[PDB]
Amino acid sequence: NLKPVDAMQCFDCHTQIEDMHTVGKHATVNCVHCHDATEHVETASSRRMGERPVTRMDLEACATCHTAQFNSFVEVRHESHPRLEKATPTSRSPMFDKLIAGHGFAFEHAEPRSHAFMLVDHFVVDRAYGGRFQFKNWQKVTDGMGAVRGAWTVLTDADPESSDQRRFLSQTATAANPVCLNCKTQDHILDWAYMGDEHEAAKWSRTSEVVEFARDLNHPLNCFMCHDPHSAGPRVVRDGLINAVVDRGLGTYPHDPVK
Amino acid sequence: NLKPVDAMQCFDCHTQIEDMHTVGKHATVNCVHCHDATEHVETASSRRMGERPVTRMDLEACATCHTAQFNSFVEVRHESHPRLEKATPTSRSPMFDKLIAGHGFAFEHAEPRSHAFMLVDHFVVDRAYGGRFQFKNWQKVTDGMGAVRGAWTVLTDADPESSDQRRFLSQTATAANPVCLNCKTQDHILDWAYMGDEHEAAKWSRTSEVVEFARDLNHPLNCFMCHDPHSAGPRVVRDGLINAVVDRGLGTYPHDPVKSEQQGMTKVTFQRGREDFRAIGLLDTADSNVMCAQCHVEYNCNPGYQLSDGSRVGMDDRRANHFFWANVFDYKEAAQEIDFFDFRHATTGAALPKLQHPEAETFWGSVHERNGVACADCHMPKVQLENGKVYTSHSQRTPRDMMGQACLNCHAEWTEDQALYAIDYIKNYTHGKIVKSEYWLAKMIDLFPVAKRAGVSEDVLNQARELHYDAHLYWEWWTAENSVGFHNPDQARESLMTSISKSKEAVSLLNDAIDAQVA
Amino acid sequence: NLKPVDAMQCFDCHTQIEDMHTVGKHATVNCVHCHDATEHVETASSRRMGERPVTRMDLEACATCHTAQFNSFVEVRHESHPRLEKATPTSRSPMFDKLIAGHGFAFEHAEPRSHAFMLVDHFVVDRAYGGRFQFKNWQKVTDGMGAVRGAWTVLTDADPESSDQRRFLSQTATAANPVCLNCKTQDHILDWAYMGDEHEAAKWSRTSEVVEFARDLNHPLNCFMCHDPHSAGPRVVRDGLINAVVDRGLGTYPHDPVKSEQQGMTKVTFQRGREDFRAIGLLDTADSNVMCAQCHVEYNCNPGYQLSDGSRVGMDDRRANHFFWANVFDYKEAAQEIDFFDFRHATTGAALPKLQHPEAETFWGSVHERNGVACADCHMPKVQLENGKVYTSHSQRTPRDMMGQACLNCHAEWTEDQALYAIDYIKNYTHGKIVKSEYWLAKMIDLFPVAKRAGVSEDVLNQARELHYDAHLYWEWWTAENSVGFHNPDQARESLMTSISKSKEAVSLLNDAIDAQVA
Ligand code: HEC
Ligand code: HEC
Ligand code: HEC
Ligand code: HEC
Ligand code: HEC
Ligand code: HEC
Ligand code: HEC
Ligand code: HEC
Ligand code: HEC
Ligand code: HEC
Ligand code: HEC
Ligand code: HEC
Ligand code: HEC
Ligand code: HEC
Ligand SMILES: [Ca+2]
Ligand SMILES: [Ca+2]
Ligand SMILES: [Ca+2]
Ligand SMILES: [Ca+2]
Ligand SMILES: [Ca+2]
């Protein structure tokens, strides 16, 4: 069973978090629900991290207290046809192959399906990783909860001993790069600098080897993408959006300064 | 927004709570979710309460972190017909008025409906408070969430200026007493001493003015009746059950000492002024049989009379809050054990027992119980989701609404229709025997006036009255019990055949005696 | 093809009709749609009819221009169980035979079914015509359109050669009389003087041979019972209702003079030979409460006896066609007002009232009535169409078939299941009290023979008989009334508790008196 930690002690070095956590609707939610910081607290100073504390990115970290929202999220809409190619006469773009010729989407561009699958679908689509990643078998395509538990519980890698983007199947492309993943997961939220710029503190960036990056990512559409875990308040985390709205001054509604 | 308090400060005085809270699955749940104790902390000492802290008894205290279980619990099953009188030809007991004459249930006894309504239904039923309490209007009867929010959000009191039990409507009774409330709410859990004994720290007791008590109570079937709020572990809080299982050493399964040991109960006592005050029963396992047995049992919650001398047994007597914890074939002995009966039949003059919903005691020894099945497996199963985090349904209802999870996962050999057919075979058969039992009871009852007026002797009438006790017991158990035999079909059959046998004996005795007077 | 006539020629003699027809929404509707008056015009004078014109009373006279309303009206609700006896354990009045013993309804009293069948059902019910009239065969029972086309298209008469009321089947009664027909048809509207009084211009009256009258009648619930054919405006034609509202000055809402004034009735009288003959009641508004009250009321339509001296009150007496126009708590006074009762109970000998379907009087003062809701809002609502010309449904039936329009447009807070649950709460509760009322009535009734044979005094028996009147009234109102309390739940509850109270008083009186004779 979880044992609460002394959050006040954390706050002696984490004023920024203190100011969010103490005020919001998660003021009573102990840090142990999402962090394992025991060795960190033994080794840190206010100016030296010491041992890096663990931060949980899994959606079940929130499901314990918010099962209704979690279960509603993970539901699979079976009526949303899966792996349905758009470049067919009965889908969105009957002449897509002629029109898009020269682009990687020619290799495959399916209609979207339920959010639970976003990361796995990104990994397995024919245009992304040269067919490197596949469902473990064709039964796994139904397993929304499994995908949410983690991509690598339901997928395989054709060659764990290499990290290069290459084609494993003939009619695939290797369009995936690290930026893609920002719209599939935010497991890397503490390992990626704003915009994916190079940064001494970032394990991952725009220029990383995407296959290596992929292997470190597990969960789709994290709950905290819209909800700050500390304040419980509404937010966004996607760098490109913040860059447009704030950095570039365009605002949240570029056509309506009042709104 | 809630601001957490320092639990360690509490724990300095509350070691029992510390021991439970720090170890269980609520170790991270701050006290402020359920208690406002600021002035309490300012004024308490190690042994004196000081200012009393506020404790939330509302079910929404649990719903912010456990919305799925809450929403499941408050669901209203509209198919469970509401306010449906049992004493009608199309319900459970077509001849109930004749058979129960002399008892308050004659004024009204409806079938149960969804748990959300238990406290409001208790307050408004015609037999309880003389018609004092009523729904604000007839629309409010649908409002399960409203009832859960609080009884007094949906009800009115005919006379807020008086607190006596009296009839406001002509055909009502005032049977309600404080003991009843223990199976409707535990809002009073900190204001009621164990068993409802008199206690200097208890606002309320068995001898309280029930109307005043009623006004202090709001919520039905609190979440914490089955789950300790501190440890989150399984428990019971109902005093009468703890008394049977633990104080009287009968065990959680009186027929099975092995199962009783494996699935036992530990009585934990809380004190006021270093004197025992209240108690809970921590369960070894999440055993719904014992959880549901807090209420779905035959009990005394009422005054009565002694079998030995007919003297009154009032609310002040411990026997007014009693779990017999005995199956139908052990019940008479259990009633003799405490020298008690409920009422004298208005026509026959027989001392009789009043039986109430003995599901727990009936389930004992049944095929399902022997096989380790429990109430929840049929009545509040795990939810099955194609993709999702499993949780346990808290909508306690007939398995007919969830047969796949309630029956067919175990009974892989059956379709839903086959399983339903098996239920109905038992219920139809049992009901037939209930009806036949009532026929014979009624035949006997009707002979009493004839016999008395023909000058049949008191000795013969008393012989017949002794037979009436048994004829009644072995019938009423089954109109009281809600499964119409399903929970224990062989037992029902044996009992009801016994009832008929006893009535037939009495009918022969009385007819012969009448015929001898005429001759 | 119809050829129009010159209405101006008619209007020269028919100024009342001119005044109505030229102003209303039928000003363009030529007389030929409903009258063949050629020989009449040739032979009439200003004050003498001459040859009688033909007047169409069939509902198809309206169906060529109002097919939607006609087709809606003639629909058969198959879910409304047909020929279902009320004196059965699964219907409205399980103990009806014991309680009604002495009255003709003991021979048969079925639940109502769809309006198309009202006249045929009246003709064939076992209590009405001694079994004289029957469906041609058992297939015809389904044929609502056929019944509407004409009763005699679907029925037979066991003996066209005689016109006396007599029993053709052993267990029938001959309760039918001419007054009954006024709530089944108005085919006789031009052949029946106001109230059924003797009149030289009336073929039929209260004292007619009902079998002969029957043979002249064809159509149920004529469209013109609620709508004046000349003005197309709202009206009533039922004499007894006009008599209560207008002649007796009681108003359309006797409990509410303001509403009575706003929603009033104007009595229009038509003469024959310059003597008053017949009347209608034009309504200020299209008020379905008053329209439906032409029939859905407690009434006298039968001989009876005087309360004062027990003397017979025959069909010749005005009291044989009477609307009491009184709610259940005013009824006894209303019956005393005309010095009338219906029958003597076969067992108890009590003078008793016979109550019939008092929906209108029960609805008075209810929450819906006070809020301006009317019968049609729940029972014949406007049709809702995604694209279309709205019209009013004429299929008068339970709101369960059209809950969106009947209830949920107003009760936006409820789902259909919630609304249904609210209805059933009331009906279940009320029915329980009906059943308990019958239990206590039966208990009292059964004591009368015992008391009489034990030599209990006539004074005590008469005391009990006086209690029987009230016990009966406050019960039977509710088995007679079709909503099982829904129309006025608080009133039903108060009434039924009164019934039980009266029966209990009588039971105690009789048991004590019997016991004193034995002692
Ligand atoms: C108890 C009071 C604490 C404290 C001291 C911290 N947290 Fe959290 N945390 C959570 C997640 C998903 C992240 C990733 C970043 C994000 O989603 O915004 C974090 C991150 C942090 C940090 C790092 C901040 C930074 O400098 O980048 C720190 C210092 C931190 N946390 C401290 C998730 C959760 C929770 C899940 C419900 C809860 C509870 C906490 N955190 C609680 C605390
Ligand atoms: C995992 C990182 C999550 C996320 C994404 C959310 N929570 Fe919680 N939460 C908890 C409690 C007690 C409340 C307050 C309830 C109330 O009083 O209304 C909340 C509230 C939220 C919100 C709503 C915030 C708002 O300002 O409206 C949201 C969006 C939210 N949470 C998201 C309780 C818990 C937990 C119990 C220990 C844990 C774990 C979480 N929350 C985790 C998360
Ligand atoms: C009815 C038409 C179906 C469909 C829609 C599927 N199956 Fe089967 N299946 C069976 C076994 C033993 C396996 C392999 C299990 C394992 O090794 O883990 C499968 C596999 C599948 C798949 C995956 C195929 C792939 O190439 O990966 C799919 C999509 C699938 N099944 C669907 C066993 C059986 C049966 C036992 C007699 C029968 C019948 C079915 N499967 C039928 C179907
Ligand atoms: C970087 C090159 C990538 C790759 C390889 C993929 N994505 Fe996305 N993606 C986003 C949204 C909103 C959807 C759903 C709506 C829609 O598809 O029109 C998707 C969907 C996908 C899929 C599934 C459908 C398909 O095309 O087959 C796949 C396989 C996929 N993506 C791969 C959103 C985003 C982003 C946020 C701005 C970004 C960045 C990416 N996607 C990037 C990529
Ligand atoms: C109101 C008094 C209640 C009640 C009746 C329950 N809770 Fe909670 N609960 C919370 C968390 C984080 C857990 C652990 C989840 C997990 O790790 O599995 C629980 C657990 C429970 C249980 C399960 C206990 C077991 O031993 O199996 C039960 C029966 C339970 N709770 C009941 C979180 C919260 C809260 C968030 C702040 C609050 C409020 C509650 N719980 C309140 C209640
Ligand atoms: C342990 C999990 C159980 C289970 C399986 C059931 N109950 Fe109860 N119950 C109680 C009361 C007072 C009623 C009647 C409420 C009312 O009429 O207002 C009920 C009703 C039921 C039902 C019938 C539901 C229906 O749809 O008709 C069922 C199936 C049922 N119960 C099962 C009282 C209590 C308690 C006292 C506080 C407790 C504890 C339980 N019940 C527990 C359980
Ligand atoms: C003390 C005299 C009372 C009164 C006035 C009521 N109760 Fe109970 N009750 C319990 C259970 C398990 C049920 C559901 C099962 C069933 O009804 O068979 C009920 C139900 C009710 C109702 C609704 C049904 C009805 O009879 O109309 C009402 C109005 C009611 N009760 C009133 C359980 C218990 C107890 C636990 C052992 C005790 C104590 C009481 N009830 C006490 C009373
Ligand atoms: C009042 C609305 C509540 C809430 C918020 C919870 N409970 Fe219960 N609960 C009961 C039983 C038999 C179980 C299953 C135990 C098992 O088989 O292991 C549960 C379980 C829970 C949980 C744990 C998660 C889950 O859903 O399995 C939680 C969080 C929970 N409950 C919350 C039994 C009862 C009762 C006895 C009649 C009553 C009362 C409650 N539960 C009430 C509530
Ligand atoms: C057979 C006796 C009937 C009855 C009962 C009714 N009608 Fe007619 N009707 C016709 C037309 C042109 C109108 C006006 C339509 C409009 O402008 O709205 C009506 C109207 C009515 C009403 C509504 C009156 C009101 O004041 O709201 C009613 C209740 C009504 N009718 C009843 C036309 C015809 C015919 C065509 C030749 C014939 C035939 C009928 N109506 C017959 C009848
Ligand atoms: C004014 C618009 C109304 C409304 C709302 C109702 N009626 Fe009548 N009704 C009459 C008779 C003789 C019967 C029984 C017919 C038979 O059994 O053959 C009825 C029946 C009903 C019902 C029940 C319908 C069902 O589906 O069972 C209902 C809901 C109803 N009525 C409502 C007699 C008359 C009249 C005498 C000529 C008049 C006028 C009305 N009814 C009017 C209305
Ligand atoms: C299926 C179970 C049914 C039901 C519900 C009915 N029938 Fe028949 N039926 C047939 C014939 C030739 C007649 C007589 C036709 C006539 O001479 O007018 C009937 C009659 C009836 C009735 C009326 C009974 C009465 O006693 O008056 C009823 C209610 C009825 N039927 C219903 C012919 C046939 C069949 C031809 C093989 C069969 C099959 C049915 N009927 C079946 C049924
Ligand atoms: C004069 C003695 C009679 C007879 C023989 C019948 N009626 Fe009526 N009737 C009226 C209404 C509103 C209904 C429907 C509501 C209900 O039945 O409760 C009926 C119904 C019938 C039926 C069918 C039902 C049954 O009892 O079997 C029959 C056979 C029947 N009636 C015969 C309304 C009225 C009146 C208006 C005030 C009057 C007058 C009558 N009925 C008179 C008689
Ligand atoms: C015999 C089949 C008929 C026909 C052809 C019509 N009516 Fe009626 N009618 C009644 C009520 C209460 C209304 C609604 C009045 C209102 O709320 O304003 C109507 C309305 C009509 C209309 C007008 C158009 C419309 O559909 O709204 C028409 C053309 C019409 N009716 C024709 C009430 C009654 C009755 C009282 C019990 C009876 C009888 C009839 N209607 C019969 C018929
Ligand atoms: C369709 C047949 C229904 C049913 C099932 C109900 N109504 Fe109504 N209703 C309306 C109003 C304004 C009230 C009072 C509102 C208030 O003052 O609080 C009601 C009341 C009720 C009740 C309660 C009755 C009681 O005696 O307390 C019930 C059970 C009920 N309704 C059910 C308004 C309307 C309508 C507006 C035109 C109509 C239509 C309905 N109600 C219909 C129905
Ligand atoms: Ca889609
Ligand atoms: Ca029920
Ligand atoms: Ca008992
Ligand atoms: Ca009907
Ligand atoms: Ca009458």
Side-chain angles (χ1 to χ4, degrees), chain B residues 100 102-105 122 127-128 165 173-184 186 188 192-199 202 204-210 213 236-251 254 265 267 269 276-279 281 293-345 349-358 360-361 465-466 468-470 472-473 476-477 480:
Chain B
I100 219 69
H103 198 271
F105 276 44
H122 164 76
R127 68 181 189 267
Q165 281 274 61
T174 51
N177 62 68
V179 176
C180 303
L181 284 302
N182 285 278
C183 287
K184 309 302 180 229
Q186 286 283 328
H188 60 291
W192 172 269
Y194 184 68
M195 302 300 288
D197 287 359
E198 298 301 305
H199 196 296
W204 305 117
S205 77
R206 297 194 294 280
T207 64
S208 300
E209 280 265 71
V210 67
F213 187 28
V236 300
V237 305
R238 181 62 150 91
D239 53 14
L241 182 60
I242 297 162
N243 174 248
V245 169
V246 179
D247 299 350
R248 289 149 55 205
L250 292 172
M265 182 181 300
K267 185 179 181 193
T269 294
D276 292 350
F277 173 61
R278 63 174 284 257
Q294 291 184 91
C295 304
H296 288 266
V297 290
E298 151 58 11
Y299 68 98
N300 279 349
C301 52
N302 48 270
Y305 303 93
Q306 298 201 139
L307 281 163
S308 59
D309 71 353
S311 56
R312 183 156 191 284
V313 177
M315 292 307 305
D316 65 316
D317 194 292
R318 263 281 187 107
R319 287 173 286 180
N321 181 8
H322 186 72
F323 281 26
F324 294 91
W325 212 233
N327 74 22
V328 63
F329 291 123
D330 285 340
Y331 182 83
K332 186 173 193 180
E333 182 175 350
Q336 286 171 345
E337 174 187 292
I338 58 153
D339 190 15
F340 187 93
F341 72 95
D342 286 86
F343 73 111
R344 281 209 181 271
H345 194 273
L352 294 180
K354 179 74 187 79
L355 290 307
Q356 290 99 339
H357 43 63
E361 308 96 315
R465 289 168 181 136
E466 291 286 350
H468 190 185
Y469 187 101
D470 299 340
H472 180 96
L473 171 55
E476 210 205 1
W477 194 272

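Lettering of chains follows the sequences in order, A, B, ..., and the numbering in each one begins at 1. Values below: every heavy atom of this structure, side chains too, minus hydrogens, waters and symmetry copies.
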Ionic contact status for B:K267 with B:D247, cut-off 4.0 Å:
yes
Gap between atom CG of B:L250 and atom CH2 of B:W325 - 0.5 Å precision:
9.0 Å
Give the intermediate values and the outcome of side-chain contact (heavy atoms from CB on, under 4.5 Å) for residues B:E361 and B:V328.
CA-CA 8 Å; B:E361 308 96 315; B:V328 63; over 6 Å; no
With sequence neighbours left out, what residues match B:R318 under salt bridge (charged side-chain N to carboxylate O under 4.0 Å, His left out)?
B:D197
Would a distance-only check, ignoring hydrogens and angles, find a side-chain to backbone donor-acceptor pair under 3.5 Å from B:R206 to B:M195?
yes
Atom CD in B:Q336, atom OH in B:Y331: separation rounded to 0.5 Å?
11.0 Å
If you look at every heavy atom in B:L307 and B:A335, which pair is closest and at what distance?
CD1-O, 4.1 Å
Test item: B:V210 and B:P178 side chains (from C-beta on) under 4.5 Å apart, heavy atoms
yes
What residues, two or more places apart in sequence or in another chain, satisfy ring-ring contact (aromatic ring centres under 6.0 Å, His included) together with B:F105?
B:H103, B:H109
Can a side-chain donor-acceptor contact be found between B:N300 and B:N321 if the only test is distance below 3.5 angstrom?
no
Just wondering, are more than 12 heavy atoms of other shown residues or ligands nearer than 6.0 Å to CD in B:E209?
yes
Counterpart residues, side-chain hydrogen bond (donor to acceptor under 3.5 Å, both in side chains), relative to B:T207 (two or more places apart):
B:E198, B:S205
Could you list the donor-acceptor pairs under 3.5 angstrom formed by side chains in residues 349-357 of chain B, with sequence neighbours left out?
residue : atom : partner : partner atom : Å
B:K354  : NZ   : B:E476  : OE2          : 2.7
B:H357  : ND1  : B:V297  : O            : 3.0

Kindly give the heavy-atom pair with the smallest separation between B:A360 and B:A293, and that separation in Å.
CB-CB, 3.7 Å
Partner residues of B:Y469 under the ring-ring contact (aromatic ring centres under 6.0 Å, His included) criterion, sequence neighbours left out
none
If you round to the nearest 0.5 Å, how far is CD1 of B:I100 from NE2 of B:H345?
7.0 Å
Taking only residues two or more places apart in sequence, or in another chain, which ones meet B:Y305 in a side-chain hydrogen bond (donor to acceptor under 3.5 Å, both in side chains)?
none
Hey, can you tell me if B:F213 and B:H188 have their rings parallel, tilted or perpendicular (30° and 60° cut-offs)?
perpendicular
Straight-line distance of B:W192 CH2 to B:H199 NE2, nearest 0.5 Å
13.0 Å
The criterion is salt bridge (charged side-chain N to carboxylate O under 4.0 Å, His left out); which residues satisfy it with B:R127, sequence neighbours excluded?
none
Is B:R278 reaching over with its side chain to a backbone N or O of B:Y194, donor-acceptor style, under 3.5 angstrom?
no
Shortest non-hydrogen separation from B:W477 to B:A326 and the atoms involved
CH2-O, 3.3 Å
Shortest non-hydrogen contact between B:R238 and B:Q294, atoms and distance
N-OE1, 3.1 Å
Straight-line distance of B:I242 CD1 to B:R248 CZ, nearest 0.5 Å:
12.5 Å
For the residue pair B:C180 and B:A176, what are the closest heavy atoms and their distance?
SG-CA, 3.9 Å
Return each pair, listed once, that meets salt bridge (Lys or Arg N to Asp or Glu O under 4.0 Å) where at least one residue sits in residues 326-340 of chain B; pairs must be two or more places apart or across chains.
B:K332-B:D470
Under 3.5 Å side-chain donor-acceptor pair for B:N302 and B:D342:
yes
Test salt bridge (charged side-chain N to carboxylate O under 4.0 Å, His left out) applied to B:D276 - qualifying residues, sequence neighbours left out:
none
Please list, chain by chain and in numerical order, all residues satisfying side-chain hydrogen bond (donor to acceptor under 3.5 Å, both in side chains) with B:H468, sequence neighbours excluded.
B:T348
Taking B:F340's backbone N and O only, do any of them form a donor-acceptor pair with B:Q306's side chain (distance below 3.5 Å, no angle check)?
no
Can you sort out the partners of B:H322 under ring-ring contact (aromatic ring centres under 6.0 Å, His included), two or more places apart, ordered by chain and number?
B:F324
What distance separates B:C183 SG from B:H122 NE2, expressed to the nearest 0.5 Å?
10.5 Å
Do side-chain atoms of B:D317 reach the backbone of B:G314 as a donor and acceptor pair under 3.5 angstrom?
no
Does B:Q165 have any side-chain hydrogen bond (donor to acceptor under 3.5 Å, both in side chains) partners at least two apart in sequence or in another chain, and if so, which?
none
